[PDB]
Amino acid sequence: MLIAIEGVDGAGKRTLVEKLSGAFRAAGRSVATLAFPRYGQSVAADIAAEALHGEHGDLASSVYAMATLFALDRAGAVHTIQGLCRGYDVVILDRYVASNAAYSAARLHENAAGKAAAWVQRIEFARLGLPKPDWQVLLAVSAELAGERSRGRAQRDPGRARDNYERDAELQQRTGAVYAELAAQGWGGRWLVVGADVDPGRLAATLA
């Protein structure tokens, strides 16, 4: 079973992955996790991150260039994902293809039924062959609270300063809205919308 955890920056995805993995293991299932972007393991992922921190000329100014880099990062992980799915009972991803649809549409002020989301579908699932997730869990949180978490992280960790997307409050708001639409539309597969107070044990039961 392939599960992807989605949501805006600072929504609490990393923590939910930890809790969810614990719940599944407590139920006797083997779990493997992977986070995108694969910082350090992908040139594409690293250049993308660096561009969001002000490097690489005009790269970050292109919405499709950024989307392509994140897609190329995942392209390099296709075999790894397939291998994990046949080796473990559950594979949980901290961000996946939907992140590209949500952020790209939001940067272009488009909705889930727009051009960018359709492009992501065509490129990542059909062309690159990335498997569609069995479940996509949207950790919905107020744009205000998520932004507060991102700012707090930068304050206590010099290695986690905010990037261009995180500094854009309006973009984060629009991204959250597109995510809600993607979930309602069942984009890329079935979705579940949860809040910060979701119970890991029952969520795992729902996904199982």
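Counting begins at 1, following the sequence as shown. Each form is matched to the other, and the largest set of C-alpha atoms that superpose within 1.5 Å is called the rigid core.
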*asked:* Aligning on the core, I want to see which stretch wanders more in 9 other deposited structures of this protein. Is it 183 to 191 or 5 to 13 by C-alpha RMS?
replied: 5 to 13
*asked:* Which of the two stretches, 171 to 179 versus 52 to 60, has its Cα atoms farther on average from this form in 9 other deposited structures of this protein when everything is superposed by the rigid core?
replied: 52 to 60
*Gap at residue 155 across at least one third of the other PDB entries*: yes
*asked:* If you average the CA temperature factors as listed in the entry, which stretch comes out higher, 120 to 128 or 76 to 84?
replied: 76 to 84
*Averaged over C-alpha atoms, is the B-factor higher for 175 to 183 or for 140 to 148 in this PDB entry?*
140 to 148
*Quick one: which of 38, 162, 156, 56 shows the highest Cα temperature factor in the PDB entry?*
156
_For residue 22, the third of its chain into which the C-alpha B factor falls_ = highest
_Using only modelled residues of the chain, where does the Cα B factor of residue 68 rank: lowest third, middle third or highest third?_
lowest
*residue 195's Cα B-factor: lowest, middle or highest third of the chain?*
highest
*Based on the entry's values, in what third of the chain does the Cα temperature factor of residue 2 lie: lowest, middle or highest?*
middle
*Can you tell me which third, lowest, middle or highest, the CA B-factor of residue 47 falls into for its chain?*
lowest
